[PDB]
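Line order of the protein sequences matches chains A, K, L and B.
In this text, residue positions in the first sequence follow PDB author numbering: the first is 24, and each later residue adds one.
In this text, residue positions in the second sequence follow PDB author numbering: the first is 60, and each later residue adds one.
In this text, residue positions in the third sequence follow PDB author numbering: the first is 58, and each later residue adds one.
In this text, residue positions in the fourth sequence follow PDB author numbering: the first is 13, and each later residue adds one.
Working notes for the structure below.
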Amino acid sequence: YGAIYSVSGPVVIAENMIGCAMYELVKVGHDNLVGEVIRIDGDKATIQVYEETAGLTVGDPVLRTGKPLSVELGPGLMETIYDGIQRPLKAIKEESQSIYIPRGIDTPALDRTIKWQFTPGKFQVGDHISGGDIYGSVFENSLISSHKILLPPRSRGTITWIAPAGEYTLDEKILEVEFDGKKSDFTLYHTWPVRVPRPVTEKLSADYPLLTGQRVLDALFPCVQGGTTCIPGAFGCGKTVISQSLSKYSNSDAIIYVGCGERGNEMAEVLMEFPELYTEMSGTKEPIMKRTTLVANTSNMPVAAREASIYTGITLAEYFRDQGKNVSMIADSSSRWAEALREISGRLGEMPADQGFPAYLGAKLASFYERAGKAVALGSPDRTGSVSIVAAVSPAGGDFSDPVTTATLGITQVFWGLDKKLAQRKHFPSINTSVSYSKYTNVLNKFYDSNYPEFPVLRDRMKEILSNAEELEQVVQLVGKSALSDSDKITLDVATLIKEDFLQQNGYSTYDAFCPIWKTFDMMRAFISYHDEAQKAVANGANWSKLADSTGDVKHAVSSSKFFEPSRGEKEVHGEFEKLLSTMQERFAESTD
Amino acid sequence: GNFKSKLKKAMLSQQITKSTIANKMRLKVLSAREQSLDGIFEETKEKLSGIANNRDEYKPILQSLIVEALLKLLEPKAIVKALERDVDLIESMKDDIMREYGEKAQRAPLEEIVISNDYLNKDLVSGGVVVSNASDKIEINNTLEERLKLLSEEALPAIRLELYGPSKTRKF
Amino acid sequence: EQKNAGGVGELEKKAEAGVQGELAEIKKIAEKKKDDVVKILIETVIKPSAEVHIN
Amino acid sequence: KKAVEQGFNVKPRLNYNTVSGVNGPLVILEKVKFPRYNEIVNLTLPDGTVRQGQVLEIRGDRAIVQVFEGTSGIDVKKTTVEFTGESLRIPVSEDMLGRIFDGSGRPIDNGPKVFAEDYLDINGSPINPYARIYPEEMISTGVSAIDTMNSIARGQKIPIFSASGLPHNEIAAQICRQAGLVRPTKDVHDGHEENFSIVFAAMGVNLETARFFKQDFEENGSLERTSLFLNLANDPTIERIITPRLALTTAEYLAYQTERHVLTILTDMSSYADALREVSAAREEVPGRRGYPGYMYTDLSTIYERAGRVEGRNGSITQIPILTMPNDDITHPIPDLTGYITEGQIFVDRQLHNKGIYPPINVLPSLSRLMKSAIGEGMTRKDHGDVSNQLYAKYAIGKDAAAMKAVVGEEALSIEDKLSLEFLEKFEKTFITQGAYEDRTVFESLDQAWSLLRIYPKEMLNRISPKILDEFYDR
């Protein structure tokens, strides 16, 4: 088709590209290098090459693919490691037997050799079918019991032929439609552009909490299925705990990890620990990789790949939301993606906005983050999915004045504020409660009042206790303990118990790996009851020091309350919490005599 | 304490001499292989000159070189600069050279080719011909010596795998 | 120091002898394979391949 | 079968005298036939001198060649350019160790040519992330400030931040001279199955210190493990760009095909950045932040990420970039981007240098992010991590107590502070202070650290585990 002219790194002026569209992927050279059109000028198309361009001759063909940057959506997406361009890193490794990624490699994103068992849906021949309609289910893994086959959006018509129950590959035709005489062939997969969000019937309000299993997150700074969360992606802060808890214990029916622009040896950790993460939510111990897809991009991966990594991940998450599955997307470092944007803008020469970042960085971030959220999926049958984005910002050594960090904090409704110092003191999960916040507290009032009515009140009381201790530690340090009233000592002691017990979750143990929301609520009732009983008893003239030296047994019971094993059953754990509350009330009544 | 400086001096200041001697020996080991390769190349050059000395065997090779040079140039106008000897062979077989060029490349046969009056240095070229485009602006040095130099530069790993087996250290 | 100087003087000759042995082995291998290498090189040089760089 | 090179083919080269213009460091050609983008070409000056050039731009029948060693003497009438048809491939072999190369791959040790096993292409393809594996063992350096407290793993990429005039070049020379593997074994690390190697690359290096590197490596026996890549400050700029690529291609070859453990020291990364900026402005690109082009995070990433250990190969690449901070700030683009891409950093402090401490490594700011993977029971010694932690804690306390020594007085300090002043004294001038030719194994450095820590009492050596403390401190 086309030819080549001026080459300066990835920019490649083409010839005879009369029928090329803007932002259309093309195959450049005899090696079929991937690249997207950046400008059109008559028959000349400015193509930025998505990888190294050292060997390119003038005149050798450039074939236009006809589609923008798109991801192959279908079965086989689970348990696969991809880059930003959704190149299967594993399949590339076995196909080439090579340590590196060969230039111009074109292995299909989804495996075409695997034969999948396909069960057709309710739609029959002659039925009118619309985009998003589930016309079949495919048993992908044990965790994904049925990868429902969606009709691609923007495509509809009358079903003229549908494959019966059987076992199929992706290339084999599965369903056939006729729209207005024109005949279309649909297969087990489809490709959707990454930069247009997958359409939904209605974007609902995200109101069901994202139970990460961490007490601090689930109680004080709760995210929502379909919510948005920001995280400081520093090194020492235990963000691995957060990522592993979301990918291991959360409510999500799917996990998309997007390692955009990460270090070489950090992606090594991410790719090597995930295969041995296991879940019990299925009722049987199975790896989380059966439910998770990784998008892995070391910093040497092409700039286009790093920039498009988050879009590929969010498109996969939208695809799995459109099946009715609550999917959580974790971005390793959105600051690396913003660096990729800055490089792209610089190479295109666009005028900067804020120390080099393009004028659309905020617009791109807002548009990308708006793709998250609970939504009724397009087409029939009626179903509801949710995409939750948990993105980590890692600016230049905590320089949170970065426009990337500023925009992310202005868009994301939840900030979990990991702290370096809390990790130094081995206070995992190391959430800095002073700076962390959550703007989904108001929305989750419905869920709480439906299930745990006292949860918001206890959460606010715990917030007040911790804030009071935080603001009173300065007066302690400045003046001395003697200046403190008895109630202030109560606040300090209860807050220290909170920090040592409720906020601090071992995670690597068996009783603290997953603290359910009901056990968390029981612990909040226990702690708030302790604080209230101490406050009331001391307000009844009792000297707090005598009670502290006397009521250490109930304090120890509260301390061991975190050792209650959630696996013992909700009823059993609730009963033992009731026994704990009865015992603490009785012992306070005795000691206040 | 004072003699601790000279306690290991005989192995620290003589370490420089030992390392220099070892480096010289290692470089000589490689220089021997380089000299052997240079001798092999000199023998190859002598054999190539001898082969070019036989006109009957030279003619098909010379036409092949001319055709390849034209295809690299890829133009209907070309100028060939050959040796003082066998200057008549090119003139005699240009009619077939043009047909061969027009057959090997789908385009039309070369309209005309001119033998340059600037004859190549017989004392150095020892064979081949340097074909040049019209106005002598673009040339291809398809001389036997130039080809030998290019092959020596490029086929060095092949020579390595020929004289010696695969490197036992290179497991890959 | 004197013993080290004498040992270095002798080790220079010892290393020269070892390098001489290695070089003799290399020269023997080169003389063995020279005919084949020269034949391959001459065949490569004297047998060119037509090509066109349209593509 | 290895005999699959198929390199016996002969590729004739076109030479054009059709030079259409000369513009600074680049030459424009008017009638090139199918030019390659990054092709290396040879210019024949009218006086007969031959210069290399790399194609920078290819328009329709027009190629812009950026010429090494300037463009003086080139006329549009007599000069000719020969197109090689291939990019800057370099000859690689198992016996490149002990050779000293120019920044263009040409040997400069008066030795022969490389006698390639293969002409491995420069700036090779990126390592597949699915093939990488986490660094798992310590690469030794012989420097206590690095071995004990900023230990480097076998796949780590850890820079040495420094500034002009500080002895970072001598630190690099010492590391190249004393680096190796840690664990003692029945067979030495000089064998054919557990071997170690070093690739030293100097970019924009001064002639005096280039000669220093050459003489230092050729005399101390480190050359037989080292492939040195010298690039003088007056050498061509494109040569400076290609030098780290040459070094990393050699390191990739050795580690991932010969299965060696390769340490790569890329000294003067700031000079490479200056060269990169010059090349960028040669293509009429508008400079980015601080005059440096905005895309070098990508190029520094391509340089740095050519490291780490991989799944199927027993070899590994460890990189120690060395960059001079201009005006001594981290906010400068070069140290900032290197901190983005690399794991940790080693700091060379001017204040320590002025006190006569060598190496002047300031350990409070220096950090090895994945040090914990290089230290353990089968990895050095079981006490490595907590001894390093205790050294860091007591050194910070000593610095704070030195601040209070002139504010509250010596006698007003606490007993820990009185111990901390003398601990800091002994630390900086006996443990950090290590001779330029003093090779300390990791265990020698560890027990020197213990001898420094034996002054403190049991109660407030609190950052050492009580098991290790009760097994090492009390005798």
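C-beta: ideal position from N, C-alpha, C; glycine also.
Item, Value
"Candidates B:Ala293, B:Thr343, B:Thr350 and B:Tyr28, of which the one nearest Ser194 (chain K) by Cα", "B:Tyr28"
"Limits of the unbroken alpha helix (DSSP H) element including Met157 (chain K)", "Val146 to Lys163"
"Own chain residues within Cβ distance below 7 Å of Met108 (chain B), not counting five before or after", "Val126, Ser239 and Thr262"
"Extent of the continuous alpha helix (DSSP H) run through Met281 (chain B)", "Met281 to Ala294"
"Best match in K:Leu210, K:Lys163, K:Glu221 and K:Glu93 for proximity to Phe20 (chain B) [C-alpha to C-alpha]", "K:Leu210"
"At least 3 beta-carbon pairs within less than 8 Å: the stretch 173–187 of chain A vs the stretch 235–249 of chain A", "no"
"Other residues of its chain near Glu162 (chain K): CB distance less than 6 Å, five sequence neighbours each side excluded", "none"
"Proximity below 9 Å, CB of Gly32 (chain A) to CB of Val81 (chain A)", "no"
"Three-state secondary structure (DSSP) of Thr316 (chain A)", "strand"
"Other residues of its chain near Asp133 (chain B): CB distance less than 6 Å, five sequence neighbours each side excluded", "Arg101"
"Assumed close pair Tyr460 (chain A), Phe244 (chain A) - CB separation to whole angstroms, cut-off 8 Å", "7 Å"
"Inter-residue spacing [alpha-carbon to alpha-carbon] between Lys443 (chain A) and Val427 (chain A)", "20 Å"
"Within chain K, partners of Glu69 (chain L) - CB distance below 8 Å", "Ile80"
"Contact under 9 Å by Cβ, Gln528 (chain A) with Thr252 (chain A)", "no"
"Contacting positions in the stretch 17–44 of chain B - beta carbon closer than 8 Å to chain L", "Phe20, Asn21 and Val22"
"Three-state class that DSSP yields for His396 (chain B) in the structure shown", "helix"
"Burial state of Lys397 (chain A), where buried means 16 or more other Cβ atoms lie within 10 Å", "buried"
"Rounded separation between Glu303 (chain A) and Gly421 (chain A) - CA only", "37 Å"
"6 Å Cβ shell around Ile61 (chain A) - same chain, five flanking residues per side excluded", "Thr69 and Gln71"
"Coil, strand or helix - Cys188 (chain B) by DSSP", "helix"
"Uninterrupted beta strand (DSSP E) stretches inside the stretch 44–130 of chain B (no shorter than 3 residues)", "52–56, 62–71, 74–79 and 92–95"
"6 Å Cβ shell around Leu193 (chain B) - same chain, five flanking residues per side excluded", "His201 and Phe208"
"Chain K contacts made by the stretch 121–148 of chain B, where a contact means CB separation under 9 Å", "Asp121, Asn122, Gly123, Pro124, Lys125, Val126, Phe127, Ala128, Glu129, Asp130 and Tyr131"
"Per-residue burial, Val502 (chain A) [other beta carbons within 10 Å of its own, 16 or more giving buried]", "exposed"
"Limits of the beta strand (DSSP E) - the one that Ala354 (chain A) falls within", "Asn349 to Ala354"
"Cβ of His170 (chain A) within 9 Å of any chain L Cβ", "no"
"Contact set between the stretch 45–78 of chain B and chain L, restricted to residues whose Cβ is under 8 Å from the partner", "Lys45 and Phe46"
"Inter-residue spacing [alpha-carbon to alpha-carbon] between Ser510 (chain A) and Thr442 (chain B)", "53 Å"
"Residues from the stretch 65–99 of chain A in contact with chain B, defined by Cβ distance under 9 Å", "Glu74, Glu75, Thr76, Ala77, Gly78, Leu79, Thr80, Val81, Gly82 and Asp83"
"Boundaries of the beta strand (DSSP E) in which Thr407 (chain A) is found, first to last residue", "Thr407 to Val416"
"Contact the stretch 386–401 of chain B vs the stretch 178–191 of chain B: 3+ CB pairs below 8 Å", "no"
"CA-to-CA distance, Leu489 (chain A) to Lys594 (chain A), given in whole angstroms", "30 Å"
"Interface partners of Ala141 (chain K) on chain B, CB under 7 Å", "Under the 7 Å cutoff, chain B gives no residues; its nearest Cβ is about 15 Å from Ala141 (chain K)."
"Endpoints, beta strand (DSSP E) assigned at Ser160 (chain A)", "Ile157 to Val161"
"Closer than 9 Å to chain B by CB, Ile75 (chain K)", "yes"
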